[PDB]
Amino acid sequence: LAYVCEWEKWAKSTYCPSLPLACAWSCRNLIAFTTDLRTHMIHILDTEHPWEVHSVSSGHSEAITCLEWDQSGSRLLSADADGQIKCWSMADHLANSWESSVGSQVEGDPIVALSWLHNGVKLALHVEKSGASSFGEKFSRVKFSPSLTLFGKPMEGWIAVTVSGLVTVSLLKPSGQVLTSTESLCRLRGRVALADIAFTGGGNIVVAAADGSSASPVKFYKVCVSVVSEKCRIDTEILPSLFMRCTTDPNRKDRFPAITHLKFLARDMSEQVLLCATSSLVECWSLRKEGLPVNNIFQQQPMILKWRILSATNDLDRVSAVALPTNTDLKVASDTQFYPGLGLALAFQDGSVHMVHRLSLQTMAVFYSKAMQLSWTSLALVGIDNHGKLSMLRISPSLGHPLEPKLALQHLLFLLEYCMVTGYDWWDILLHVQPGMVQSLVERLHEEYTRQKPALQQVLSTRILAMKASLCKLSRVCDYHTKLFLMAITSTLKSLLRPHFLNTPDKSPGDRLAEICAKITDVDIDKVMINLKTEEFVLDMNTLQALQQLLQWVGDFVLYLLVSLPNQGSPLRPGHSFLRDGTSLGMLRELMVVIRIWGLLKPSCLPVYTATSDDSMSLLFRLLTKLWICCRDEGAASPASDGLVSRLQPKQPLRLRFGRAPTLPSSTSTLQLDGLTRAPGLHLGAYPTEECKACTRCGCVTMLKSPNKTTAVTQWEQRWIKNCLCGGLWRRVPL
Amino acid sequence: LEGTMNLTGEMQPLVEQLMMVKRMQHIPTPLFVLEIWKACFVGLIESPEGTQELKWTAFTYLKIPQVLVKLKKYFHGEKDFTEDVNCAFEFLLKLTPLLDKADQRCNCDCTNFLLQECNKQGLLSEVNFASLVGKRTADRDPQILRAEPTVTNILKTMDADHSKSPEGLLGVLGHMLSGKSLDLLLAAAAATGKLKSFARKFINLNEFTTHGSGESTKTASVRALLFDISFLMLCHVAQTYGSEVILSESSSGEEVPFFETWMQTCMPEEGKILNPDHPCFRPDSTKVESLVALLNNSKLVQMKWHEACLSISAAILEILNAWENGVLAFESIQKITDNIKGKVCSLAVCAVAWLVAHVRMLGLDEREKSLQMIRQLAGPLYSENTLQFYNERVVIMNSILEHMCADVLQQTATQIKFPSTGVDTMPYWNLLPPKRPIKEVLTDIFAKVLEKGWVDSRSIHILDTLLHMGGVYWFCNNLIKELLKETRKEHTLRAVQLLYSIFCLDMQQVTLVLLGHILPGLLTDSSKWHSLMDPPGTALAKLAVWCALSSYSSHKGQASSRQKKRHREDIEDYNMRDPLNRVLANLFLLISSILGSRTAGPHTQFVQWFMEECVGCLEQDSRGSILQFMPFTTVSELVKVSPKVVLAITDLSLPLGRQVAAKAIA
Amino acid sequence: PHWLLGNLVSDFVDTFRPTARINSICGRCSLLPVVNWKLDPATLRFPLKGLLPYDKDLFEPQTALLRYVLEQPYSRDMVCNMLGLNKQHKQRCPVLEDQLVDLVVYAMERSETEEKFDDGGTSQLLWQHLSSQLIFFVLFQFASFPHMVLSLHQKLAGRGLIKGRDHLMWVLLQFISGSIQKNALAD
Amino acid sequence: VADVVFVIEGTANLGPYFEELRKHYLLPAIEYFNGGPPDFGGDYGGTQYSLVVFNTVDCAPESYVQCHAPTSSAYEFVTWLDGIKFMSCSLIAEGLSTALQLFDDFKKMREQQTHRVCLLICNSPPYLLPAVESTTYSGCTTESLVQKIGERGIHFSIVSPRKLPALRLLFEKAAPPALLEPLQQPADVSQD
């Protein structure tokens with residue numbers, strides 16, 4: 001439907017029969033792509049406008065299964081258990097850079113990649129209704145036991161089950177890449193064609209699928225990983241066995257299961273699917289507790305487990321990956337909200353795929369037109385489903401058959417608050433309705449955000465700014481989009497320049513005096529500095545670290561903001577930017593005070609931008625304060641200021657960077673991309689005339705160099721190496 | 001392989017395979033006969049330990065009807081088995097210590113061999129060849145009821161007069177002479193002419209023993225003992241072979257025998273999770289009440305035997321009342337003596353059914369094992385005067401029959417209660433290490449068979465177990481990986497010579513998979529080219545063409561445990577439309593494309609060796625449809641790259657042959 | 001061999017294999033009874049004929065013979081005369097270190113079987129001397145200490161040395177209590 | 001008996017200033033609780049010590065805790081001390097909750113009293129409004145501080161950089177004698 005890519009110059013190699021394909025990702029960067037193009041490489045792309053793909057060469061053969069653990073970059077690398085997990089973390093996620101953490105198994109066939117790490121989240125959304133949400137009742141947190149937590153922290157591995165035999169996999173590696181692996185074969189023998197139903201409430205792992213449905217005994221290997229001082233003591237507790245219902249039905253006999261997933265709800269959910277020759281029955285088997293009904297013997301121990309049917313279907317079925325990589329439980333009364341709660345997509349090779357809601361398996365919409373795993377909660381498929389070497393396909397991420405605007409806004413803000421709390425990246429941009437649902441949505445969202453923070457605003461501003469910018473970006477509102485990024489950059493600059501203070505003793509937090517300076521005079525900052533403080537504002541004699549290169553940004557931004565005031569008649573609401581809030585203006589004035597102190601201490605101040613200011617900083621500060629006085633606390637704004645800003649010295653430059661991000665406007669119909677050949681529809685140096693460095697780009701706008709060729713400004717580097725303003729997916733781009 | 005894995009199927013499948021391997025190899029009749037005799041004599045010596053030798057001897061004396069049919073059909077008018085058989089015997093009688101060890105194993109096989117030699121005189125003229133046997137016996141200068149080869153030879157005629165008396169009050173001595181002595185029925189079955197014939201009438205006896213109603217207590221005991229012995233022998237023959245008797249009972253037509261215990265009770269397959277509800281029919285109507293009354297009475301007067309299938313309902317209502325209700329605690333142990341004792345043999349059915357039930361349920365308390373051990377226990381030494389005439393023999397048969405099943409189960413739990421109490425246990429089992437990777441064929445098995453070049457009859461079971469425990473794809477892939485590390489001509493030759501044999505019993509499926517997967521992957525990749533430049537490449541091509549020509553034959557080749565696990569579906573992801581038919585066309589197309597010039601060093605040499613190996617007599621490849629088939633266009637292309645062109649010269653005698661004729665003229 | 005030369009060189013070496021066969025003795029099980037030439041390999045390979053002999057029984061390292069020699073007492077001069085000569089300046093830690101490590105591992109494994117019912121039998125009476133003679137031969141063992149670390153690397157798997165660790169500590173004492181003042185503490 | 005537990009928090013706030021404090025405070029880390037940094041093993045002798053490391057909340061979608069130091073054998077400690085990576089509310093409360101849990105497990109396991117100490121080294125002067133929201137414990141900064149001061153008599157030393165923010169004046173709230181105030185510029189002391 002949308003974002004349908006294609007391969008440029010690779011084929012299936014007709015004489016070669018076939019190959020298995022499987023890719024799955026919970027977090028962003030949703031590409032694994034084990035494909036049979038003409039032991040093949042692994043493909044990775046971060047679906048936030050990634051189209052150009054980086055396929056790093058695999059190390060093993062046939063690459064059967066993959067399922068990423070969590071947010072942090074980590075691959076799976078199965079099919080004969082060689083060349084396993086690697087974090088990438090080198091310059092960008094453009095270079096995978098396989099590492100040394102691989103397990104070993106002689107001609108094994110591992111078909112699992114697991115070891116859930118931290119506690120699950122519980123989404124009490126049916127009873128939330130966003131009214132008394134306060135981010136507490138809307139997104140709760142259930143208590144979950146972590147697997148073999150020493151002392152504190154749950155060190156995790158990739159406990160898996162080979163298909164060669166049925167033994168185990170091992171080798172959790174905490175803090176030293178120490179292997180410590182083992183093997184114990186689940187009562188000495190067994191063939192398996194299984195998936196793995198990972199974790200129960202406590203610390204345990206269950207899994208079973210062995211031969212075929214015609215005679216299908218499945219022995220639930222209940223292992224425990226409370227290890228040893230370095231000797232994994234995994235056990236082989238055997239739970240009851242279950243069969244496929246297709247047997248006891250005397251109508252047919254062919255079931256022959258191939259896929260048989262059972263999701264992470266390892267207390268009620270077993271979804272073994274029969275892969276019979278034209279049709280393929282699918283059944284979901286419960287894990288219900290029961291007691292044996294001892295009776296009928298004569299007139300005159302509840303602990304026992306059983307598996308009972310829940311529902312079934314009679315049709316074809318080929319490919320299905322997962323239900324929803326979270327949801328709610330019983331007693332949900334939300335009927336109008338058909339949002340992706342308890343649903344599971346599954347593919348057919350004969351025609352189109354089907355969507356199905358779990359726990360009844362009855363039916364959902366069909367959405368006409370290999371590996372189909374949901375991108376997130378929002379219903380976003382992936383289209384490897386084979387008619388050739390076809391690329392991704394997607395569908396409507398909002399599952400609404402009847403149209404309701406207010407409920408749609410509610411679901412969208414729910415998903416946004418979810419991606420905010422959990423920290424995941426958001427791809428609900430494909431879900432939001434036409435711009436009629438754009439501005440009011442983010443307005444109500446940020447209102448509820450600032451309302452019931454109560455102090456979470458201080459820790460969530462850096463994310464809410466980027467979220468708002470990304471929401472208003474989708475139309476027209478691009479001005480409001482650039483304003484948010486320009487506010488975020490200056491806010492993080494202000495919050496990073498203060499703790500840089502290696503100051504002298506003070507009464508209470510000498511860094512706070514720069515903020516308390518609000519009650520000061522308007523003009524002649526030279527008086528304001530003597531008023532507040534002048535001694536404890538010199539931290540390093542090597543001020544030549546950020547004053548000439550980094551502090552030029554604010555020195556030009558103040559001027560660009562002053563020049564943009566008398567040009568409101570421009571064909572744009574703010575022109576370039578408006579910034580009539582006042583708080584940002586106050587932070588700007590504080591930055592001006594501290595930079596004036598810096599320039600007084602050392603001669604490497606911000607430039608006059610040409611020359612000949614008779615004290616350019618003095619005039620700039622006078623104008624800032626004249627604009628700031630009638631902005632502070634609920635007052636009208638601009639007189640003489642409009643005439644003063646009209647006067648331009650022999651100093652004023654223009655043409656500022658203003659880092660913006662291209663969008664992906666696949667509006668409502670279709671798209672046709674390619675593996676390459678992109679389809680047309682930051683100031684710390686970082687930009688010579690022609691690119692001649694690393695140029696490690698980012699997700700939206702950054703495009704910063706990797707080494708930066710500096711001495712003591714590594715604070716920004718360490719701040720930016722990790723995740724970023726919803727652009728933590730740093731990317732390497734050649735010259 | 002044909003001896004260990006199977007015993008039936010003697011129309012001419014082994015004959016066809018022997019002929020096929022005879023064409024594409026050194027084919028002297030003396031060497032061929034020495035080879036078959038050496039494979040016949042290397043068995044029965046190192047392979048069997050207990051009751052397996054009684055089957056090895058039946059195989060050695062079934063081998064000679066096979067070679068007789070071969071002489072009658074294969075050879076005709078060219079050394080008609082008068083001279084070559086003698087030359088091979090002299091070629092065999094030279095190796096004396098082998099025959100010495102063979103006689104030493106049976107401890108009486110010298111005279112037994114003397115009789116087996118004159119027994120082979122059905123195909124060898126008694127003019128002077130018997131004098132060669134006399135000279136060989138003279139070479140045995142050194143030199144006890146009877147030797148078991150002689151016993152089998154004598155009892156081979158007992159199959160023709162098995163019962164031959166369909167009348168009431170049958171001779172109980174007919175069963176006494178069989179249940180007490182050795183199991184000559186197994187030898188008669190391995191003779192390929194009794195198994196289907198015996199099992200049919202033997203099960204018809206049980207199906208006919210409905211007896212209506214009987215008013216005589218002695219006659220009731222007679223019927224009970226007869227049905228018990230018959231069912232025990234039938235279930236023992238099943239646990240011995242299985243598919244043979246089951247297919248003989250259900251070859252054609254529709255009947256109603258007691259398929260309950262021969263289809264869903266016990267087998268080398270679980271059939272247990274789906275068992276209890278629909279298959280294990282437990283009707284409480286008019287069946288649970290009588291069963292409970294008989295269990296509580298603690299009475300075969302009223303003759304009515306249909307509760308054997310309904311015993312599972314009684315076992316259901318008993319185990320829960322004994323270990324979950326609480327009202328019955330040890331009364332179950334008392335009622336167990338009412339049935340596990342004489343005048344009954346239905347304990348095997350319930351024991352198997354509830355081993356199946358335990359392998360499906362959790363059984364963490366293991367309360368079912370405490371009852372199973374008491375049931376299988378030989379404690380009751382016929383306290384009740386239950387006239388059966390086989391209080392010890394039938395009990396030993398029942399114990400060793402129950403021990404044949406419930407083997408994998410007792411491994412998933414505490415140690416076995418040792419119910420059999422026999423001379424020797426089952427010789428054939430997994431014998432797989434508890435915690436060891438499956439890639440042990442290259443480590444121990446194959447690296448040994450490459451030197452130990454007689455297939456190691458004990459290791460062939462390990463090969464079959466590994467095959468159906470892993471997967472044919474990785475199986476063949478790892479085998480080829482092990483083969484492509486030889487760097488010696490004779491090594492590779494022996495390797496492929498034994499690989500073609502080890503691929504048997506899975507000819508079609510393994511051949512298709514191996515060829516159409518590896519050979520493209522071997523000829524399409526870049527690292528795969530690096531591995532085929534070796535002389536092993538020629539041996540691999542020879543092995544490929546051998547498997548292709550063998551699988552082209554529409555033989556049955558139904559293996560014992562593979563006829564069921566091969567029930568899958570695949571369109572193969574591309575004369576008529578067939579998997580092997582399509583796989584061969586794909587391979588020919590890849591061959592023609594491998595003549596795709598401008599870059600190749602190995603995989604031109606590989607295809608050149610492959611075509612040269614395909615140049616051979618008795619060839620049925622090069623499908624050759626009159627319309628558009630590429631094989632002859634590919635032949636012309638290869639000729640561009642003299643008798644090789646004459647190979648596919650005149651196949652259909654069509655104008656297609658004119659093309660290759662013209663290209664050969666050039 | 002090279003791709004240009006196919007079955008030619010292979011068949012040539014095949015037809016010449018019987019010539020090298022005519023120079024073989026037997027499977028070479030064990031020929032070293034005495035403790036006062038035959039079976040003196042230089043480094044894992046004794047033979048001299050430059051032809052193409054049979055399978056690696058002539059190419060593989062003679063490990064069974066070396067083990068059977070080292071297990072017997074007073075075999076130090078025999079192992080010396082087999083390959084060693086003035087090991088003070090000629091033996092730069094050859095594979096005999098790995099052979100000795102394998103011997104010690106096998107000794108620990110044999111002692112793991114209750115050590116002849118808790119040192120009641122004579123298996124420990126042979127263990128003590130088989131290790132004492134090795135320590136006697138141990139003049140350059142901790143030289144290239146990785147030889148010593150290989151013992152721990154191999155004993156890490158299996159972990160069956162819970163009972164035999166005492167004897168390993170015993171032999172470590174028997175070496176160090178005499179080699180403490182000579183070797184530095186770091187090694 | 002030298003039962004210490006480090007708490008590193010200035011990994012993301014001030015990267016380069018870590019070496020400036022290490023070159024001066026490495027002696028109390030090892031040279032006080034031992035003879036010096038060597039090449040030795042570790043056991044239940046009680047000399048073992050731990051080190052928990054944390055980062056800011058922006059660079060943390062899923063990864064918060066990395067408390068990885070069961071024993072450290074008195075030498076592997078400084079070995080991985082320079083090996084950790086270097087990347088405003090820095091979540092100091094949830095970072096100290098895990099140290100409190102580690103000390104509780106020590107007291108539960110060290111039965112047969114080793115004058116415990118801990119260094120809540122934080123480069124920035126951060127503050128975590130949410131209590132934990134990531135562990136079994138749920139207590140604000142004040143509650144966690146009074147719990148670590150009252151329950152454990154550990155010397156709650158705060159080795160901050162040469163700065164002197166308002167964090168010290170509030171984090172010196174240890175009511176029992178624990179020496180929470182000192183920011184030692186002069187020669188190293190035993191534990192204060």
# chains A, B, ... in the order shown; residues from 1 in each chain; ligands from 1
call {"tool": "residues_around", "arguments": {"residues": "residue B:119", "least_positions_apart": "6", "cutoff": "10 Å", "atoms": "only C-alpha atoms", "output": "VMD selection string"}}
result
chain B and resid 61 64 113 153
call {"tool": "residues_around", "arguments": {"residues": "residue A:486", "least_positions_apart": "4", "cutoff": "10 Å", "atoms": "only C-alpha atoms", "output": "list in words"}}
result
residues 465, 481, 482, 490, 491, 557, 577, 579, 658, 659 and 660 of chain A
call {"tool": "closest_atom_pairs", "arguments": {"of": "chain B", "to": "chain C", "cutoff": "12 Å", "atoms": "only C-alpha atoms", "output": "Markdown table"}}
result
| residue | atom | partner | partner_atom | distance |
| --- | --- | --- | --- | --- |
| B:435 | CA | C:158 | CA | 11.5 |
| B:447 | CA | C:55 | CA | 11.5 |
| B:448 | CA | C:55 | CA | 11.9 |
| B:450 | CA | C:55 | CA | 10.3 |
| B:451 | CA | C:55 | CA | 8.7 |
| B:486 | CA | C:55 | CA | 10.1 |
| B:487 | CA | C:10 | CA | 8.2 |
| B:488 | CA | C:10 | CA | 6.9 |
| B:489 | CA | C:10 | CA | 6.1 |
| B:490 | CA | C:14 | CA | 7.1 |
| B:491 | CA | C:55 | CA | 9.1 |
| B:492 | CA | C:10 | CA | 10.8 |
| B:493 | CA | C:14 | CA | 11.2 |
| B:529 | CA | C:3 | CA | 10.4 |
| B:530 | CA | C:3 | CA | 9.3 |
| B:531 | CA | C:3 | CA | 10.5 |
| B:532 | CA | C:3 | CA | 9.2 |
| B:533 | CA | C:3 | CA | 5.4 |
| B:534 | CA | C:1 | CA | 6.9 |
| B:535 | CA | C:7 | CA | 6.0 |
| B:536 | CA | C:7 | CA | 9.5 |
| B:537 | CA | C:6 | CA | 9.5 |
| B:538 | CA | C:7 | CA | 8.2 |
| B:539 | CA | C:7 | CA | 10.5 |
| B:600 | CA | C:3 | CA | 10.8 |
| B:601 | CA | C:3 | CA | 7.0 |
| B:602 | CA | C:3 | CA | 6.5 |
| B:603 | CA | C:3 | CA | 10.2 |
| B:604 | CA | C:3 | CA | 10.6 |
| B:605 | CA | C:6 | CA | 8.2 |
| B:606 | CA | C:6 | CA | 9.9 |
| B:608 | CA | C:6 | CA | 11.1 |
| B:609 | CA | C:7 | CA | 9.6 |
call {"tool": "write_last_selection", "arguments": {"atoms": "N, CA and C atoms", "output": "CSV table (one decimal), in the first residue's frame"}}
result
chain,number,residue,atom,x,y,z
B,435,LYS,N,24.1,-35.1,26.4
B,435,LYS,CA,24.4,-33.7,26.1
B,435,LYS,C,25.6,-33.7,25.1
B,447,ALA,N,33.9,-40.6,9.8
B,447,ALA,CA,35.4,-40.7,9.8
B,447,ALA,C,35.8,-42.1,10.1
B,448,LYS,N,35.0,-42.9,10.7
B,448,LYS,CA,35.3,-44.3,10.9
B,448,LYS,C,34.9,-45.2,9.7
B,450,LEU,N,34.7,-44.3,6.7
B,450,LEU,CA,35.6,-44.1,5.6
B,450,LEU,C,36.8,-45.1,5.7
B,451,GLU,N,37.2,-45.5,6.9
B,451,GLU,CA,38.2,-46.6,7.0
B,451,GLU,C,37.5,-47.9,7.1
B,486,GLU,N,38.8,-34.9,1.4
B,486,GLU,CA,39.6,-36.1,1.3
B,486,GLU,C,40.9,-36.0,0.7
B,487,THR,N,41.0,-35.4,-0.5
B,487,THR,CA,42.3,-35.2,-1.2
B,487,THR,C,43.0,-36.5,-1.6
B,488,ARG,N,42.2,-37.6,-1.8
B,488,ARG,CA,42.8,-38.9,-2.2
B,488,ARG,C,41.7,-39.6,-3.1
B,489,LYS,N,42.2,-40.2,-4.2
B,489,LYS,CA,41.2,-40.8,-5.1
B,489,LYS,C,40.5,-42.0,-4.6
B,490,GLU,N,41.2,-43.0,-4.0
B,490,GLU,CA,40.5,-44.1,-3.5
B,490,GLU,C,39.6,-43.8,-2.3
B,491,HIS,N,40.0,-42.8,-1.5
B,491,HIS,CA,39.2,-42.3,-0.4
B,491,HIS,C,37.8,-41.8,-1.0
B,492,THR,N,37.9,-40.9,-1.9
B,492,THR,CA,36.6,-40.4,-2.5
B,492,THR,C,35.8,-41.5,-3.2
B,493,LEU,N,36.5,-42.4,-3.8
B,493,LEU,CA,35.7,-43.5,-4.5
B,493,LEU,C,35.0,-44.4,-3.5
B,529,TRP,N,32.5,-22.7,-5.5
B,529,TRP,CA,33.4,-23.0,-6.6
B,529,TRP,C,34.8,-23.5,-6.0
B,530,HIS,N,35.2,-22.9,-4.9
B,530,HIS,CA,36.5,-23.2,-4.3
B,530,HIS,C,36.6,-24.7,-3.9
B,531,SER,N,35.4,-25.3,-3.5
B,531,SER,CA,35.4,-26.6,-3.0
B,531,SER,C,35.2,-27.7,-4.0
B,532,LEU,N,34.8,-27.4,-5.3
B,532,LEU,CA,34.6,-28.4,-6.3
B,532,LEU,C,35.8,-28.6,-7.2
B,533,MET,N,36.8,-27.8,-7.0
B,533,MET,CA,38.0,-28.0,-7.9
B,533,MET,C,38.8,-29.2,-7.6
B,534,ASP,N,38.4,-29.9,-6.6
B,534,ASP,CA,39.1,-31.1,-6.1
B,534,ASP,C,38.7,-32.4,-6.9
B,535,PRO,N,39.5,-33.4,-6.9
B,535,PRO,CA,39.1,-34.7,-7.5
B,535,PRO,C,37.9,-35.2,-6.9
B,536,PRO,N,37.6,-34.9,-5.5
B,536,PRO,CA,36.3,-35.2,-5.0
B,536,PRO,C,35.1,-34.7,-5.8
B,537,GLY,N,35.4,-33.7,-6.7
B,537,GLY,CA,34.3,-33.2,-7.6
B,537,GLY,C,33.8,-34.3,-8.5
B,538,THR,N,34.7,-35.0,-9.1
B,538,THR,CA,34.3,-36.1,-10.0
B,538,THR,C,33.5,-37.2,-9.2
B,539,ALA,N,34.0,-37.6,-8.0
B,539,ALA,CA,33.2,-38.5,-7.3
B,539,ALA,C,31.8,-38.0,-6.9
B,600,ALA,N,34.5,-19.2,-16.2
B,600,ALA,CA,34.4,-20.4,-15.3
B,600,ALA,C,35.7,-21.2,-15.3
B,601,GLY,N,36.2,-21.5,-14.2
B,601,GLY,CA,37.3,-22.5,-14.1
B,601,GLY,C,36.9,-23.9,-13.5
B,602,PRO,N,36.3,-23.9,-12.3
B,602,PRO,CA,35.8,-25.2,-11.7
B,602,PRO,C,34.6,-25.7,-12.4
B,603,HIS,N,33.6,-24.9,-12.5
B,603,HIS,CA,32.2,-25.5,-12.8
B,603,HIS,C,32.0,-25.7,-14.3
B,604,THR,N,33.0,-25.5,-15.1
B,604,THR,CA,33.1,-26.1,-16.4
B,604,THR,C,33.7,-27.5,-16.3
B,605,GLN,N,34.8,-27.6,-15.5
B,605,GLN,CA,35.4,-28.9,-15.3
B,605,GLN,C,34.4,-29.8,-14.6
B,606,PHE,N,33.6,-29.3,-13.7
B,606,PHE,CA,32.7,-30.1,-12.9
B,606,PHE,C,31.6,-30.7,-13.9
B,608,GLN,N,31.9,-31.0,-17.1
B,608,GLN,CA,32.6,-31.9,-18.0
B,608,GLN,C,32.7,-33.3,-17.4
B,609,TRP,N,33.1,-33.4,-16.1
B,609,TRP,CA,33.2,-34.6,-15.4
B,609,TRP,C,31.8,-35.3,-15.2
call {"tool": "residues_around", "arguments": {"residues": "stretch 417-424 of chain B", "least_positions_apart": "3", "cutoff": "9 Å", "atoms": "only C-alpha atoms", "output": "compact mmCIF listing (two decimals) with N, CA, C and O atoms, in the first residue's frame"}}
result
# COMPACT_ATOMS: atom_id res chain seq x y z
N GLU B 49 23.20 -60.02 18.73
CA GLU B 49 23.61 -60.45 20.06
C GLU B 49 22.71 -61.54 20.62
O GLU B 49 23.20 -62.56 21.11
N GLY B 50 21.39 -61.34 20.56
CA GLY B 50 20.45 -62.32 21.07
C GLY B 50 19.52 -62.87 20.01
O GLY B 50 19.92 -63.69 19.18
N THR B 51 18.26 -62.42 20.03
CA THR B 51 17.26 -62.93 19.10
C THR B 51 17.43 -62.38 17.69
O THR B 51 16.68 -62.79 16.79
N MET B 373 3.64 -50.39 37.55
CA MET B 373 4.60 -51.39 38.03
C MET B 373 3.89 -52.58 38.65
O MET B 373 4.30 -53.73 38.45
N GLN B 376 2.42 -54.64 35.71
CA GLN B 376 3.39 -55.39 34.93
C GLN B 376 4.14 -56.40 35.79
O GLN B 376 4.85 -57.27 35.28
N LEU B 377 4.00 -56.29 37.11
CA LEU B 377 4.69 -57.17 38.04
C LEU B 377 4.33 -58.63 37.81
O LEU B 377 3.16 -58.96 37.60
N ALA B 378 5.33 -59.51 37.86
CA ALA B 378 5.12 -60.95 37.75
C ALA B 378 4.82 -61.59 39.10
O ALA B 378 5.02 -62.80 39.25
N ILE B 396 6.02 -64.67 30.36
CA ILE B 396 7.27 -64.13 29.84
C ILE B 396 7.03 -63.38 28.54
O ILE B 396 7.60 -62.31 28.29
N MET B 397 6.16 -63.93 27.69
CA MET B 397 5.81 -63.25 26.44
C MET B 397 5.17 -61.90 26.72
O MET B 397 5.54 -60.89 26.11
N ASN B 398 4.22 -61.86 27.65
CA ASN B 398 3.55 -60.61 27.98
C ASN B 398 4.53 -59.60 28.57
O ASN B 398 4.47 -58.41 28.26
N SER B 399 5.46 -60.07 29.40
CA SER B 399 6.43 -59.16 30.02
C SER B 399 7.37 -58.57 28.97
O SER B 399 7.61 -57.36 28.95
N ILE B 400 7.91 -59.42 28.09
CA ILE B 400 8.83 -58.92 27.08
C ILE B 400 8.09 -58.08 26.04
O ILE B 400 8.70 -57.24 25.37
N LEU B 401 6.78 -58.30 25.89
CA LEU B 401 6.00 -57.47 24.97
C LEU B 401 5.76 -56.09 25.56
O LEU B 401 5.89 -55.08 24.87
N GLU B 402 5.38 -56.04 26.84
CA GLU B 402 5.22 -54.76 27.51
C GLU B 402 6.53 -54.00 27.59
O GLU B 402 6.54 -52.77 27.51
N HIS B 403 7.65 -54.71 27.75
CA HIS B 403 8.94 -54.04 27.82
C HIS B 403 9.35 -53.46 26.47
O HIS B 403 10.13 -52.51 26.42
N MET B 404 8.83 -54.02 25.38
CA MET B 404 9.13 -53.46 24.06
C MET B 404 8.58 -52.05 23.93
O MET B 404 9.23 -51.18 23.34
N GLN B 410 9.64 -44.51 30.28
CA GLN B 410 10.39 -44.75 31.50
C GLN B 410 11.72 -44.00 31.51
O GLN B 410 12.33 -43.86 32.58
N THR B 414 11.51 -41.96 36.46
CA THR B 414 12.38 -42.82 37.26
C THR B 414 12.76 -44.09 36.50
O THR B 414 12.19 -44.39 35.45
N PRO B 427 18.29 -54.94 21.53
CA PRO B 427 19.64 -54.51 21.14
C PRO B 427 19.65 -53.16 20.45
O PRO B 427 20.61 -52.39 20.59
call {"tool": "interface_residues", "arguments": {"of": "chain D", "to": "chain A", "cutoff": "9 Å", "atoms": "only C-alpha atoms", "output": "ChimeraX atom specification"}}
result
/D:12-16,57-63,65-70,80,86-89,98-99,101-102,105-106,123-125,128-130,133-136,161-167,169
call {"tool": "atom_distance", "arguments": {"atom1": "atom CA of residue A:25", "atom2": "atom CA of residue A:161"}}
result
19.7 Å
call {"tool": "interface_residues", "arguments": {"of": "chain B", "to": "chain A", "cutoff": "7 Å", "atoms": "only C-alpha atoms", "output": "JSON, numbers by chain"}}
result
{"B": [270, 271, 273, 274, 278, 317, 320, 321, 324, 325, 327, 360, 361, 362, 412, 434, 435, 437, 438, 439, 469, 470, 517, 520, 569, 572, 573, 574, 586, 590]}
call {"tool": "closest_atom_pairs", "arguments": {"of": "chain C", "to": "chain A", "cutoff": "12 Å", "atoms": "only C-alpha atoms", "output": "CSV"}}
result
residue,atom,partner,partner_atom,distance
C:156,CA,A:231,CA,10.0
C:157,CA,A:182,CA,9.6
C:158,CA,A:231,CA,10.2
C:159,CA,A:231,CA,9.4
